[PDB]
Structures are given as structure tokens and as C-alpha cells.
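So the structure is just underneath, and the comments pick up after that.
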There are 2 protein chains.
Amino acid sequence: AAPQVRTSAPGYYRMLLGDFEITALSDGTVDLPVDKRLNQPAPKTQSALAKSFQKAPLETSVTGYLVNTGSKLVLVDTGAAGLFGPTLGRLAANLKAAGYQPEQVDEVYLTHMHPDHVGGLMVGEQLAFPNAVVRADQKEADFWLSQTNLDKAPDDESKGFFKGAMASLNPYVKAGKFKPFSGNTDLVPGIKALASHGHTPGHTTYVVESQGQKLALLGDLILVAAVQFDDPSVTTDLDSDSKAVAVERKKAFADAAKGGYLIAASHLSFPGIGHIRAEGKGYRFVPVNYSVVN
Amino acid sequence: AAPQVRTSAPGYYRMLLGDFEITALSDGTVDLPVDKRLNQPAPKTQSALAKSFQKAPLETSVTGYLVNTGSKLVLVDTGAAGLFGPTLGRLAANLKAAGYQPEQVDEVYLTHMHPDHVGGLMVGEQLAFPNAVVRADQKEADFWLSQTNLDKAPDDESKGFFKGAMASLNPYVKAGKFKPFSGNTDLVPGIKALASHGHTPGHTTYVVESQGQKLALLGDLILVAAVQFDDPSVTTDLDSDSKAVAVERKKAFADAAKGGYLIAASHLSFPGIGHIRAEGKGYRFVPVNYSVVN
Ligand SMILES: [Zn+2]
Ligand SMILES: [Zn+2]
Ligand SMILES: [Zn+2]
Ligand SMILES: [Zn+2]
């Protein structure tokens, strides 16, 4: 007779990294036809999913990462807001439930400008982080914010990716709040941009370092853990440069396994944080041990 | 900027299982000298922990599991309250964060009577679940509630175990609220007791099943994931019967890998829920995919 509550706990996850505080912020999840996206036979993807006890369209987390360096509050990726269906757009509420207000964010860094990463930049026609400067790679902005690329896009879904980027960033560009970088660049003390182009022309990894503790925020360098850890060579039809993304993925996996530091990625099962170990033909992902933060 | 919150999310995790609602409830974490407790050379244990990127004082979570069948509210294990140091005892508050009150709990099932599972039966020196019947195996109660085993215990660590169990259950015994079972027993519709004796003389697994979806609450059949998934035969000095616990753990692992259903265990990294598959001489735990519950 006790009612079922049936609400997930607030989607934020707290982790110390040296003297910095990290908060994975969930935007929700969305079901993706990953077998149709991956560049390999659908039964092969089907089987890899089933080995990890997944199938059919796959419920995929969408996550952004809040870094409090003690002097700046930085958000890496912003979820989708309302751009990508009604199951997403939760990052704003989870930012507040994690004890921060959007106005308190100093900078927003974008791994890339796909809709599930930039949508959160806007709430209606108002800036969602009115106090922040938005940073991403020059090559990312130059590709996605190009009117000519939009009008030449050969389908409504592609056009929609361009429109979503424009609707999400151009308010900041026009307000003088967009500050691009090019390639490997020191950002806020404690965070650097690391070029990992190929999923998109300007796709960027954000590397957080404090007191010798490292965390590489890989954005969309990996999209389907149950396939691409074992086989980092499998790509998707959403990658701008397949061979580049395979190179940059293998690079990040080998470097993280050698150094033994944490990685995170937007679409690993929330909170999406853990270590990586070279195993057999590929890699094994080891989710971070639950730790209470006081 | 912002001052760092450094406060973890509430320790509850919501998961649907058929028509039932499951809530993993965190009691906190505690650092354990697993290298001194496991029955194997320390070189082996350091190796395994480092393989999983872990050190030695393993920060170990302590979890209880709430089952709302829609008709009954059942709690499986209760954390340590104040019996096992100041980092545990979070379960009461996290049950409340999960949308429930202690008065709503109809039945409490104990995998076994160690302090980090029975402590939460008592708040202050007063009943934490005033409307609940408490169930455990008869062998469990007969062993831990024995005044003579207390007075006969070799060390004061074991003496504390007996005293903790007495202090936690005897109030319910005197209120007429302890209803033991013996071995495999159909409890509340949807929940079965399965005998998994050997960590304790009456350690019991609780098998939850709704609309064909199964979840096996293993209690303490595994204590150190970084060791005992790859080598289920390794036991600890805390296990009453090492041969029995080896056999029962291997049986649970083989059965869940055959059946492909979910398991949960008290000291796997919170929430401690996932699938299991055979890998080599042992097994590889696959944490449940994050899913949003509405
Ligand atoms: Zn993307
Ligand atoms: Zn994405
Ligand atoms: Zn135990
Ligand atoms: Zn225990």
C-alpha cells in the first residue's frame, strides 16, 4: 500500500580530483539505433551489445561535466535542452540539484557542436549561462556556424545539426561571449584543450589536472562502449572523418592505459567516469569506484 | 567561481524490475584492509587491486536494497547504523531521500547478521522499522543470538559481532517481530530466500522476480570485486566456512551467467547491481546500464 515513487535520484555525481571538484551532470538518456549507426554489420553490433546485456535501440546516457577549480566554475558540454526529444534536457535541473546555479558558471567548453552537447546553452531565447564565456575550437565553430554549409546540407537531419548549433551558439557569438581556441591550448588554470579532431572537424578533449591527478574528458571519442572498447576501429556514420576518429580514439585509449588516469565520455553509462586497461584485442573500461565526497 | 560543494549525491539508486521498484540504499562507505583479510598472499591482493586501479585500504561501499512490489515494502539488509564507525549509518536518511518513511517498511530480510547489515534495525535504542516483521534464516539467529557463543568468542572483534546482532535483533524478538525461516523459503510473493550458507552459518540470498525479470541479492557472497570475480575461490578470514563460501559463490556466479539476470551485492561499488558473465577461470561483472525511471 506504500506507493511506488518511480523517480530516479537527481542525476549528478561528485568526485574529487586533487584539489578540484568534478560533478558529472546527467542530461537524461535517449534510445539510439546504434546498430544502424556503427560502420559494421548490424548482427555484429547486435552480438557485442548482447555480450554486455544490451540490445535493440540502446538507452544511451548524455552527460556534461562541471569542474570547480576553486577559482573558476567551468562546464564541459551542456546536454541537448529540447533539441533532441523529450527524454533529454535534464542537465539544467541536475546542475541546480548539485547545488550550483547556472549564473555561477564562468566558462562553458564544448567538445563539439552536435545538438546533444550544445542544446543546453539556451533556455528559450535566453542565455542559459549568462555569465559565461563559451570556448570551442575554431575549426568546430567555423564548420557548424557556416550558413553556406547549412544551405548545402543534403538532408533535413544534417540541416538540423547546423540549425541546432546556430540556435545554440550564435546568441553568445553575437553577445561577444564566444572565445575560440585553436588546437592544444591552456584554458582556465587546471584545464587544457587537447585536439582530437575527426568525430567533428574541431572535436576537442578537455584535460583536467590537479596535484598530479588527471582526468581526460573525451567528449564523443567513443560512442558505444560495448563495441568500441573491444574494437576501437569501429566508427559511425556520424563521424566527419572515420579514419581520423579511429586514430584519435586509439591514441587516447593507449595514453590513458599507459598513464593510468581517469577518462570520461559523454555517452558512457552515467556518470561515465573510469579507468582504462589494455585487454586482449582492445581495451577494458573500469568504472570509478564509488567514493563519498565530504 | 564557487566554493566547492564537495557533497555527494543522495545515496539512492532507482531501478525497475518488471512491475517491482528496486531502490539501492547507500549506508556510506568504509575503508577496509582487504589485503589483511583475504586468505591469500598480499602480493596477489596488491596485484589484483592495482589491476583494477585500486590501492589497499579499499573504500568499500555498504548497501541495502528496497523492494516495493506494489503491495509490500521490503528492505533487504539495513547498514551498520552506528556500529561500524562514523562513515556508515547513512541508510535511514537515504531511505527518506528515496521517498519512503521507515514506518512504511512491512518486512526486513537479513542476508546475515554482521554489524554492517543489522545495525540499522535500531535507531537510538529504539526500533527503526516499527511496523516491520524481520526475517532471517534460523541458523543465522541461532548462531549470532547465542549468549554462549558470545561468552565463548575468541577475540573482541567477534564479541562485538555477537553484541551488535543481539542489540539489533533482540528488540524485535521481544516484540514478537522476528520470524525466521529455514533454507529455501517462499517469502512475500516475488521474493524467495535461497540458502547460500558459509560466509555465516545462515547467510541467505534473496531472489526477487517480477514478470520474468530476476534480481539475486547476494549479500556478502562477494566482498572484494577486484579479487573474487577473477578468482571466486579466494576467501576471507571473515567467512565462517571457506569451502562453503567458495562453492556457493561459484554456484551463484555460474547461475547468473547462465541465466543472464541481475545480481546485487552489499559491498560491490554502489549501487552494486549488474550482470555477470563467465570470463576465463572466473567472471567479469557488468554494472547495470544507467536508466532513467519516471
Ligand atoms: Zn557527437
Ligand atoms: Zn554526442
Ligand atoms: Zn559480512
Ligand atoms: Zn558485510
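Each chain gets a letter, A, B and so on, in the order its sequence line appears, and its residues count up from 1. The figures that follow rest on heavy atoms only: side chains count, while hydrogens, waters and symmetry mates do not.
- Between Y109(B) and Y206(B), a ring centre-to-centre spacing shorter than 6.0 Å is recorded.
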Checking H267(B) against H117(B) for the ring pair (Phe, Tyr, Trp, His ring centres under 6.0 Å) test, could you report, in this order, the C-alpha distance in whole Å, the side-chain angles of both residues, the deciding distance, and whether it holds? CA-CA 11 Å; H267(B) 306 301; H117(B) 298 257; 5.4 Å; yes
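- Not one N or O on the side chain of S233(B) forms a donor-acceptor pair closer than 3.5 Å with the backbone of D231(B).
- Without hydrogens or angle criteria, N68(B) side chain to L73(B) main chain gives no donor-acceptor distance under 3.5 Å.
- Applying the salt bridge (charged side-chain N to carboxylate O under 4.0 Å, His left out) criterion to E59(B), with sequence neighbours excluded, gives no partner residue.
- For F129(B), there are no ring-ring contact (aromatic ring centres under 6.0 Å, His included) partners, not counting sequence neighbours.
- Without hydrogens or angle criteria, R135(B) side chain to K179(B) main chain gives a donor-acceptor distance under 3.5 Å.
- Using modelled atom types, one finds a donor on one side chain and an acceptor on the other under 3.5 Å when comparing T111(B) with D77(B).
- Without hydrogens or angle criteria, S168(B) side chain to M166(B) main chain gives no donor-acceptor distance under 3.5 Å.
- Enclosure of atom NZ in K139(B) is not indicated, since only 12 or fewer non-hydrogen atoms of other residues, nucleotides or ligands lie within 6.0 angstrom.
- Note on ring orientation: taking the six-membered ring where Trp is involved, the planes of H199(B) and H114(B) are perpendicular (angle over 60°, cut-offs 30° and 60°).
- Using modelled atom types, no side-chain atom of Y13(A) and backbone atom of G272(A) make a donor-acceptor pair closer than 3.5 Å.
- No hydrogens or angles considered: nothing links the side chains of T204(B) and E140(B) as a donor-acceptor pair under 3.5 Å.
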Run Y172(B) and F178(B) through ring pair (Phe, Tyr, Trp, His ring centres under 6.0 Å) and show every step you take. CA-CA 6 Å; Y172(B) 292 78; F178(B) 181 64; 9.1 Å; no
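- Salt-bridge formation is detected for the pair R277(B)/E279(B): a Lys NZ or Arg NE/NH1/NH2 atom is positioned less than 4.0 Å from an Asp or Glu carboxylate oxygen.
- Between the side chain of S61(B) and the backbone N or O of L268(B), at least one donor-acceptor pair lies under 3.5 Å.
- Residue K192(B) qualifies as open at atom NZ: its count of foreign heavy atoms under 6.0 Å is 12 or below.
- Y290(B) OH: more than 12 foreign heavy atoms inside a 6.0 Å radius.
- Taking a cutoff of 4.0 Å between a charged side-chain nitrogen and a carboxylate oxygen, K51(B) and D230(B) qualify as a salt bridge.
- When atom types are taken as modelled, the side chain of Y65(B) and the backbone of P271(B) share a donor-acceptor pair closer than 3.5 angstrom.
- Aromatic pair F229(A)/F285(A): ring centres closer than 6.0 Å.
- Looking only at atom types and distance, the side chain of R14(A) has a donor-acceptor partner in the side chain of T23(A) under 3.5 Å away.
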